[PDB]
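> as they sit in the full assembly, here are the leading chains:
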Amino acid sequence: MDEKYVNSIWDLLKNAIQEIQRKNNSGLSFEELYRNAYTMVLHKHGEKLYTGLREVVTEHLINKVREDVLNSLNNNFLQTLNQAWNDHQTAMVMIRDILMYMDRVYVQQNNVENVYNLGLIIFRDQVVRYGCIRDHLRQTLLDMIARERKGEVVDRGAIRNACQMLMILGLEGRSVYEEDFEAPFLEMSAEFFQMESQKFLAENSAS
């Protein structure tokens, strides 16, 4: 139809998406708005909704979770990380199911990744693989695992939650998580146990 109709449809869809991102998702009528978004991807542009989804998701992530992680890098860093992750994951669940059943003809004709995969990829690109969050997370996990290995006990369920989160973030298998976690931890473990063996060969005997 006319450009005014699709412009109004997009404006109201953007308003609804912003309201959802502001912790108002479950309590929001969405049937008519999603039918309007379907009319959008049906009229001319066959990826308007998909593009708008990607832009809205990445903007919301950069505004909310990128700032939150950097603001609390020392106070319950991993804890707040996991909490924001679970919030983003239920946003997924809801938004996921809907635009994922839309990624049915999008894997039959467009042959692209599903919106669950799109959300996982954008979260990986904008949070975990950030220029500052990645190194900070690596350093803190190495520090806490070294302190645990020293003899004193620390939290252990949180590390399992983080590793499961990274595995889910892999989204294909053990490609990203294996490298990112193992390799620095591989080097740290190798150095630590080399030093331990060097100390033990001199401080004890073969008995």
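The structure has been received and is ready for your questions. Numbers count the residues shown, from 1 in each chain, chains lettered A, B, ... in the order given.
> and residue A:80, what does it touch?
A:68, A:69, A:72 (CB atoms under 8 Å, 6 or more residues apart in numbering). C-beta here means a position set from N, CA and C on the backbone, and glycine is covered the same way.
> put the alpha carbons of the helix or strand encompassing residue A:35 into PDB.
Assigned by DSSP states H and E, residue A:35 belongs to helix A:31-42. Taking C-alpha atoms only, helix A:31-42 is exported to PDB below (Å, rounded to 0.1, in the frame of the first residue of the first chain):
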ATOM      1  CA  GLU A  31      -1.100 -10.600  17.800                       C
ATOM      2  CA  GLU A  32      -2.300  -7.600  15.600                       C
ATOM      3  CA  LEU A  33       1.200  -6.000  15.700                       C
ATOM      4  CA  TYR A  34       2.900  -9.300  14.500                       C
ATOM      5  CA  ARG A  35       0.300  -9.700  11.700                       C
ATOM      6  CA  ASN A  36       1.300  -6.100  10.700                       C
ATOM      7  CA  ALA A  37       5.000  -7.100  10.700                       C
ATOM      8  CA  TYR A  38       4.100 -10.100   8.500                       C
ATOM      9  CA  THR A  39       2.400  -7.700   6.100                       C
ATOM     10  CA  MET A  40       5.600  -5.700   6.300                       C
ATOM     11  CA  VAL A  41       7.900  -8.600   5.200                       C
ATOM     12  CA  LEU A  42       5.300  -9.500   2.600                       C
END
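> what lies in contact with the helix or strand following it?
On the C-terminal side of helix A:31-42, the closest following helix or strand by DSSP H and E is helix A:48-71. Residues outside helix A:48-71 that contact it (CB under 8 Å, 6+ apart): A:10, A:13-14, A:17-18, A:21, A:37-38, A:40-41, A:45, A:77, A:80-81, A:84, A:88, A:95, A:99, A:102, A:106, A:110, A:112, A:115, A:118-119, A:122-123, A:126-127, A:130, A:132-133.
> tell me what the helix holding residue A:35 is packed against?
Counting contacts by 3 or more CB pairs under 8 Å, 6 or more residues apart in numbering; DSSP states H and E, helix A:31-42 packs against helix A:3-21, helix A:48-71, helix A:77-102.
> would you mind getting the angle between the last one and helix A:3-21?
Put plainly, it is helix A:77-102. 140 degrees (axes from the mean of the first three to the mean of the last three CA atoms, to 10 degrees).
> include chain B as well:
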Amino acid sequence: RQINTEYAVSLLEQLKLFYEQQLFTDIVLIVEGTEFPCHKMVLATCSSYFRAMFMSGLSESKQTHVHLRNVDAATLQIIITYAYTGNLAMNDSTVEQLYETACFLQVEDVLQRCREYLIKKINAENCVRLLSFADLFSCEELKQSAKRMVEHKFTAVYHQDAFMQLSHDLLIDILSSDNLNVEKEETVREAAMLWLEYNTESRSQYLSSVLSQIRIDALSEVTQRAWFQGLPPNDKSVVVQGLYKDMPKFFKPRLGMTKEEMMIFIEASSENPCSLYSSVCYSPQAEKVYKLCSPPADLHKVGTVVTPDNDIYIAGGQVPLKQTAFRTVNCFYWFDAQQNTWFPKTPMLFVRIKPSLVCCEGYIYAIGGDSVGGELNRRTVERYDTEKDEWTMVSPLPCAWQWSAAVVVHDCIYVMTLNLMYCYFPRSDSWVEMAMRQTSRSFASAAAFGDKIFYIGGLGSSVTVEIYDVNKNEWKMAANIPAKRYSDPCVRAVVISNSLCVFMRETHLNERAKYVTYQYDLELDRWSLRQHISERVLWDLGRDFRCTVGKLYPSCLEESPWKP
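Chain B goes in next, on the same frame as the chains above:
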């Protein structure tokens, strides 16, 4: 991992009883005031939408009442019963809305079922409608099947009203395609012109693109000033634009103008001994032998017919059962003139062996053919409907005949036997006695040329010719074909180039078969040597081979590699 089917069906039928007896209804579909008390989880087993509706955590997940809109009550009910009991009563009318609601709810299984039904249902009167439907809903397989069938029957008809209401991209894809079947390149030009003139200036911007897909042989001649007459007033951005625009886009002839009158042969002698028989064709103009696809599942003992619309059909035949072993099947097939393959169609009611396929009034008539019944009505004559894709019985032939031939003259069916002849009147469905032949001959073929029936040969065969006139209702002798003595010619009556020719293969004593065709002079009653088929291109075909009139594309077909 196998699955127990007994408790499977017990599950399904008890589920049906619960759907009919409303007990376990926590969710109800509110559609245009119609209550649909059902489950969230049988709707799971069917649909892939309600996972967004239920397993999400939205307002609709908690809502025990959902107002489903933009759907139909009948379509929703049939989808629901499809989910609950397992009966998908697919008719010929509600399939459109069925596909609409299946795409709405993203139900894969019913989508596949209705897609298969639409693939089976594609025909002339709904070709453009189904192509528009497959453009509206992404159904790429059905879209391609449509595109092809639409191309063919639209070039055939080009008068359906649904063509006017089509998207620009679909028209561009249709016209720019190299699969159009047209005797001339001017009919597509006028079709495009009438499509452009169908509406207001909304077609002006698409006119710069539709002409970019048509050849330039018509982009400088007539039908350029006609658009200028229909041009919006004072528009100086189109006339001058089209004045200097038709320089590029590489004029090239299309593929539809590559149909030649060729002799299609079936059940020819297979070159490789691994196969029983094969299908070949002779080119009266190219003087070559192009190969054809094998009959479906090596369907032997079949019959051929070519409609005035130049369509090839196969009916009857037998397949070797899984040493002599053969079982007769009533399967029906249609030959694709471009894809070089046999598309299956609706099978007959009774199996046939060597059936006489005759086309008349758009109906395919199969007369006799050694039916399996053998009851008092041992004819089992039945016609085929090309618009409804179904078979309807006709008036039985009064006398049972064996090894018979049939032709169509003056919109009537003329079946011929050893000495008797009966004419079928399709308008009243009755048989009338015709003239009686004075010679007892069988195992022959006849060709319908004009308003006369030419029964050539009969019994090997001979050179006896008896000409029958429909307006005169009498059998008369004309002459005998001059052939070499002490031979066994294999005569084949055929009509080609608006003349009655014969495909006669003769074999001498201790000599190989020789191929030669003759042109019979209608007014002089003499067979003249039209062309001699050299043995360097055509090899032996056999004895049970058939010949028919038709047009084929040398480009789509491939030359048969075989030594002279």
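> do the helix holding residue A:35 and chain B come into contact?
Yes: on the criterion CB under 8 Å from any CB of the partner chain, helix A:31-42 is in touch with chain B at A:31, A:35.
> gap between that helix and the chain center?
Relative to the chain's own centre, helix A:31-42 is displaced by 27 Å; criterion: CA atoms, centre = their mean, to the nearest Å.
> next, the angle from it to helix A:48-71.
Going by the same axes, to 10 degrees, helix A:31-42 makes 110 degrees with helix A:48-71.
> please spell out which residues along helix A:31-42 are buried.
A:31, A:33, A:34, A:36, A:37, A:40, A:41 (16 or more other CB atoms under 10 Å in any protein chain shown).
> again with stretch A:24-33
In stretch A:24-33, counting by 16+ other CB under 10 Å, buried: A:25, A:30, A:31, A:33.
> got it, and stretch A:96-111?
For stretch A:96-111, burial by neighbour count (16+ other CB under 10 Å) applies to A:96, A:97, A:98, A:99, A:100, A:101, A:102, A:103, A:104, A:105, A:106.
> among those, which are within reach of chain B?
Among the buried residues of stretch A:96-111, the ones lying near chain B by CB under 8 Å from any CB are A:97, A:98, A:100, A:101, A:104, A:105.
> gap between the nearest residue to residue B:260 once chain neighbours are set aside and chain A?
Closest residue in space to residue B:260, ignoring its immediate chain neighbours: residue B:285 at 5.4 Å, by CB to CB, 6 or more residues apart in numbering or on different chains. Residue B:285 sits at a distance of 44 Å from chain A (criterion: CB to the nearest CB, to the nearest Å).
> can you get me a residue count around residue B:285?
Residues near residue B:285, counting by other CB atoms under 10 Å in any protein chain shown, number 11.
> same question for the one 10 residues further on.
Around residue B:295 there are 21 other residues, counting by other CB under 10 Å.
> right, and it touches residue B:314 too?
Yes: at 6.7 Å, residue B:295 and residue B:314 qualify as touching, with contact defined as CB atoms under 8 Å.
> any shared contact partners between the two?
B:302, B:342 (CB atoms under 8 Å, 6 or more residues apart in numbering or on different chains).
> which part of the stretch 451-564 of chain B gets nearest to chain A, residue-wise?
residue B:556 (28.1 Å; CB to the nearest CB).
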